[PDB]
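Protein chains in written order, with the entry's author numbering: chain A, 1 to 99; chain B, 1 to 99.
The beta-carbon is built from N, C-alpha and C at its ideal position, and this holds for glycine as well.
Taking it in order: structure first as structure tokens, then the write-up.
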Ligand SMILES: COc1ccc(S(=O)(=O)N(CC(C)C)C[C@@H](O)[C@H](Cc2ccccc2)NC(=O)O[C@H]2CO[C@H]3O[C@@H]4OCC[C@@H]4[C@H]32)cc1
Ligand SMILES: [Cl-]
Ligand SMILES: [Cl-]
């Protein structure tokens, strides 16, 4: 797609088989999802944001399906006001910002 | 431009006459800059992101120049780990995310 930015750029995604909605976020290095549960081992990440840091779970090697594209990536699970798809996923799509 | 996303999408911007560097951030509604000083009245604001909220100041009617484009927008001044250009500016450029 070609997505305009006069509203928040939400997309439906499937992450580890779980369908959720998330914001395409070029300011996020990582993909951060609150409302999913993933199985297995994870690595504590102190993740940083505008409000401070928090301790979360980094899960690796997760299947991610977005607008027909199928990629593998790391997914951070923890509290976030909105789920975000970061550049670790968008760069695998070849996504660009255009103006 | 067409900007890829395998590194952070920083651009040089002039805000209120001040040149700084900022991240093009589709997950930011607003433009948040730490290292500038703007004159005059402002509105207190609270914004929320990963890690919680933070209190900031909102200046209106600020001239913003980015890659040859000249727009007027509101600018939030306050602590942010990275300066971000949000959709309030990018939508005025007709920017799109493409993949
Ligand atoms: C209302 O208007 C707003 C309100 C909120 C924000 S924000 O900065 O909180 N944020 C909104 C988003 C959480 C829905 C914009 C994001 O693009 C921030 C922008 C941001 C960047 C860096 C630091 C703080 C904020 N990115 C961010 O929180 O990234 C996290 C996740 O991945 C990591 O990459 C980043 O780089 C390493 C740390 C962060 C981690 C901006 C304008
Ligand atoms: Cl990844
Ligand atoms: Cl504005």
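Any non-hydrogen atom of ligand 2 within 7 Å of residue i CB
i	result
residue 98 of chain B	no
residue 35 of chain B	no
residue 88 of chain B	no
Distance cut-off 7 Å: residue i Cβ against heavy atoms of ligand 3
i	result
residue 74 of chain B	yes
residue 83 of chain B	no
Nearest-angstrom Cβ-Cβ length linking residue i and residue j, presumed shorter than 8 Å
i	j	result
residue 13 of chain A	residue 65 of chain A	7 Å
residue 70 of chain A	residue 56 of chain A	That belief does not hold up - the Cβ atoms of residue 70 of chain A and residue 56 of chain A are roughly 25 Å apart, past 8 Å.
residue 33 of chain A	residue 50 of chain B	Contact doesn't hold; Cβ gap of about 12 Å is too wide.
residue 26 of chain B	residue 2 of chain A	That belief does not hold up - the Cβ atoms of residue 26 of chain B and residue 2 of chain A are roughly 13 Å apart, past 8 Å.
residue 83 of chain B	residue 22 of chain B	4 Å
residue 78 of chain A	residue 47 of chain A	7 Å
residue 36 of chain A	residue 18 of chain A	5 Å
Contacts of residue i in chain B (Cβ-Cβ under 8 Å)
i	result
residue 77 of chain A	Ordered by position in chain B, no residue passes the 8 Å Cβ test against residue 77 of chain A, which lies about 12 Å from the chain.
residue 48 of chain A	50, 51, 81
residue 32 of chain A	50
Burial state of residue i, where buried means 16 or more other Cβ atoms lie within 10 Å
i	result
residue 63 of chain A	exposed
residue 60 of chain A	exposed
residue 9 of chain A	buried
residue 15 of chain B	buried
residue 30 of chain B	buried
residue 73 of chain B	buried
Listed by chain order, chain B residues near residue i by CB distance under 7 Å
i	result
residue 71 of chain A	Those do not exist, as residue 71 of chain A stays about 11 Å from chain B at its closest Cβ, beyond 7 Å.
residue 98 of chain A	2, 95, 96, 98
residue 84 of chain A	27
residue 87 of chain A	5
residue 9 of chain A	26, 97
Residue i beta carbon near ligand 1 (any heavy atom closer than 7 Å)
i	result
residue 95 of chain B	no
residue 24 of chain B	no
residue 48 of chain B	yes
residue 19 of chain A	no
residue 114 of chain A	There is no way to answer for residue 114 of chain A, as the model of chain A reaches only from 1 to 99.
Residue i: contacting residues in chain A (beta-carbon distance under 8 Å)
i	result
residue 24 of chain B	26, 27, 97
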